[PDB]
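The chain below stands alone, shown as structure tokens; this is the form deposited without the named molecule.
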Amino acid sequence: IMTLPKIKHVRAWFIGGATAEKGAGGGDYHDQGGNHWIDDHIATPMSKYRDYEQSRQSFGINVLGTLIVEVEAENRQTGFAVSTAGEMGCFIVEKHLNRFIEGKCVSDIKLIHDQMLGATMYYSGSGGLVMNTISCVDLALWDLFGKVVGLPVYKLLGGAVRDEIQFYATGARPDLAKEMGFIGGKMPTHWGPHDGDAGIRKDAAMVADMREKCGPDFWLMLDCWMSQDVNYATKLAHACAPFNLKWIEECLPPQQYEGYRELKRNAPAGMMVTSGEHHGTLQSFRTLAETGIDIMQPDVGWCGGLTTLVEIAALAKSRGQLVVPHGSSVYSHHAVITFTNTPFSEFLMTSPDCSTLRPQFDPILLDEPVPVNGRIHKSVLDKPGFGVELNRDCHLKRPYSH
């Protein structure tokens, strides 16, 4: 019988964000520099305002930065993970959650997860910042456990059900993504309800253009980042039907479950409606699943962690729905490669012009794998835990201690 150490210390650092270096990248996908496609007139709930139409950074999509949580066992072995929360995430970990973590067995992952959820229920809002922090802790625990046992997380979960993960790429250049070997390209919408028919025409034209350049079998999708309403989304979906748009994603703010139900009903035959990257907690996904949307897309570092993701996958599978996580690099890879209902995954372009395979969480993760020819072979994930190390060369800040 293998002997397991207890958890000795949990620490939290951050990089980027409003109190550090802007454009740090890492865990915060949107903490980028200038001239980045991810900040290029992307439609949002705020783009209706002239001062916040051109840049999401201008309204503060980058204020949080990256949260880093590292758990150390009594035998000095460490595990860690990253997410979006930054300094505030550090407060929550160092001043609150540490009490449920330290002293526990490295295998007490689900127990710590339940305690974190129960203890923060009064201020977590079931998603966002607080849940992102909880997720980071959950992931750091799985990493530590795997590194202690000496097994990749995907094997602890029950093994891979496919020999490689195939990816679609999210970014402004589906055509370049096809050349790279991805199976599809998801583009962000640039116009919203306030732009009316002109907005619909322009984004639909963008899709038509890529369909011409990419051929019929390369998938094309639209990401709407909570920026629309039911009528606008319905018009855009129908305007893109002639081009076989595979799915239209996150058209509405997360609380609008009733709206999603209606939008799905209004969708063109065969076109899928998806959402979920901003939802958190298993119960929220139960409600989301019942709206009838086709694919739920939780972010492993935002939905509650791997522990929660695995439950969401089961929920989707029980209904014949698919689960395709939002980015998340290795934190998603080790999980989805074991899900029969996750036939493909997402690679969210961090490359400013979507022309190169810059790592998903560059540069906070050392030896972070990237898709090669649009795929990641399971052997690439054959490393303890989530298989990566923390890049301490980055300027990690420790705002709190205990």
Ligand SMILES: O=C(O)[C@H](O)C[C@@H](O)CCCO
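Note that residue numbering begins at 1 and tracks the sequence as displayed.
What follows is about the form deposited with the named molecule bound, which we do not show.
Visitor: Given that the named molecule is left out here, which of 232, 225, 154, 142 has a heavy atom within 4.5 Å of it in the entry with it bound?
Guide: Of the listed residues, the single hit is 225.
Visitor: To verify the annotation, which of these, 364, 38, 354, 337, has a non-hydrogen atom within 4.5 Å of the named molecule in the entry with it bound?
Guide: It is 38 that has a heavy atom within 4.5 Å of the partner.
Visitor: Might residue 42 be said to contact the named molecule in the entry with it bound, defining contact as any heavy atom within 4.5 Å?
Guide: It does: once the named molecule is placed as it appears in the entry with it bound, residue 42 has a heavy atom within 4.5 Å of it.
Visitor: May I ask you to check whether residue 189 falls inside a 4.5 Å heavy atom distance of the named molecule in the entry with it bound?
Guide: The answer is yes: residue 189 has a heavy atom within 4.5 Å of the named molecule.
Visitor: Mark residue 358 yes when one of its heavy atoms lies within 4.5 Å of a heavy atom of the named molecule in the entry with it bound, and no otherwise.
Guide: No, no contact at 4.5 Å.
Visitor: How about residue 348 - does it come within 4.5 Å of the named molecule in the entry with it bound, if we only consider non-hydrogen atoms?
Guide: Residue-level check for residue 348: yes, a contact with the named molecule.
Visitor: Within 4.5 angstroms, counting heavy atoms, which one of the listed stretches 159 to 167, 181 to 189, 99 to 107, 311 to 319 is next to the named molecule in the entry with it bound?
Guide: Among the candidates, contact is made by 181 to 189.
Visitor: Out of 323 to 337, which residues reach within 4.5 Å of the named molecule in the entry with it bound, heavy atoms considered?
Guide: Result: 326 alone.
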